[PDB]
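Encoded as structure tokens, the following chain is the form deposited without 2-methoxy-4-(prop-2-en-1-yl)phenol (EOL), with no partner shown.
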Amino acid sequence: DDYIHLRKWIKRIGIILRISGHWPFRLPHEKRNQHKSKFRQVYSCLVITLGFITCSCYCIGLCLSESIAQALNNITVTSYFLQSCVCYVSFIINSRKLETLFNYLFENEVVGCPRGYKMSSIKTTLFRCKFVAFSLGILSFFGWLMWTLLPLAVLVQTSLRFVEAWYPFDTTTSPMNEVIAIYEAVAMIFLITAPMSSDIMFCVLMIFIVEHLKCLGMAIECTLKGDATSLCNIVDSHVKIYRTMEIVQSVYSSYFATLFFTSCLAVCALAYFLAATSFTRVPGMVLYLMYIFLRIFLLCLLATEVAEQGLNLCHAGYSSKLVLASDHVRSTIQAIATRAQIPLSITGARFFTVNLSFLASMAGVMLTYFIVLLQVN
């Protein structure tokens, strides 16, 4: 039933990842080696070299510092573009571990859990992944729309760029402004759709791992309430969880680091420009602020959820029946517990572990720095 619909959803996950111009890899429903086709490779290289030249144009526009007052006005845009750049190279560096992750995410049936839990698990996973995917997609589309379309609509020269960008031609005359306008429009579309897609895939992985942990705990209490075989299957599922989390930690680290850094810098610049300096500008800046904050909050929440479920897995099979089991179960449960005491955490290039606590600390120091450097100055 809905198990087929979930597989259609994770097929859509691969499809939207191929649309955004990442390097294509083998999907689970791919048995003809179509992931090395000419069309997809040409599309990928075209979109990534367009993103690379646009980001370099904005960076050299930054290095051609017009003044300090507009410099922060540049930062944020280049900030977001920088993220896209990093994300691209990451998906080309580790394009086999992604195949491994999708192969895990296609079939993850832990054996022994009761069915009444399994169907509710499928329902809850479908609901939450639909919610997060639709939310981030709508927010990204509205972000592009507000950041690109509106100043064109003020005119109908186009003079729509929220900050000016370096170009070979001067972009001053009436034909050139229009050409650079349409070029920047399609460019920023294909740039904004990349980190949204990577974020959506990370959130899907986190949701699936959380539900697999809860089903593993249910299987543990089920085999305790009931000799060797169930424990072997449970231990295999747990070590598979750990290896999958290790792979996810291996791929996402640099992207998380650059995301956190350039995001807090862009929010500081955005507050500096919105606070004391002078009607059309405020919708775009408030929408970009919400686009940063909601994304960071979703990442921190779905990163803390898996660690909480691991420490919940620590308290599994801990009842009176444990005092009446054999020595074999009494030792294997001990082994599972002392392995579960290690926290399954994701860190950004080993600089910081992404939790809700790190979000609170970063928000505290960012609020502090912004409010002092704008108020006493």
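The first residue of the shown sequence is 1; numbering continues from there. Think of the rigid core as the biggest set of C-alphas that the two forms share within 1.5 Å after superposition. Residues that one form lacks are left out of the comparison.
Omitted from view is the form deposited with 2-methoxy-4-(prop-2-en-1-yl)phenol (EOL) bound, to which the following refers.
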item	value
Partner proximity in the bound PDB entry: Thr171 to 2-methoxy-4-(prop-2-en-1-yl)phenol (EOL), non-hydrogen atom cutoff 4.5 Å	no
Residue contact check: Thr304 to 2-methoxy-4-(prop-2-en-1-yl)phenol (EOL) in the bound PDB entry, 4.5 Å heavy atom	no
Contact label in the bound PDB entry: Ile241 to 2-methoxy-4-(prop-2-en-1-yl)phenol (EOL), heavy atom within 4.5 Å	no
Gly143, heavy atom within 4.5 angstroms of 2-methoxy-4-(prop-2-en-1-yl)phenol (EOL) in the bound PDB entry	yes
2-methoxy-4-(prop-2-en-1-yl)phenol (EOL): the contacting residue among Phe102, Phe260, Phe91, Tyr288 in the bound PDB entry [heavy atom, 4.5 Å]	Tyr288
One residue of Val77, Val267, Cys87, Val204 in contact with 2-methoxy-4-(prop-2-en-1-yl)phenol (EOL), assessed in the bound PDB entry (non-hydrogen atom, 4.5 angstroms)	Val77
All of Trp147, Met188 and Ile192 with a heavy atom within 4.5 Å of 2-methoxy-4-(prop-2-en-1-yl)phenol (EOL) in the bound PDB entry	yes
Partner-proximal stretch of 77-85, 107-115, 126-134, 250-258 relative to 2-methoxy-4-(prop-2-en-1-yl)phenol (EOL) in the bound PDB entry, 4.5 angstroms, heavy atom	77-85
Where the chain shifts between the shown form and the other one once the rigid core is fitted, runs of at least 3 with Cα moving 2 Å or more	157-159, 371-373, 375-377
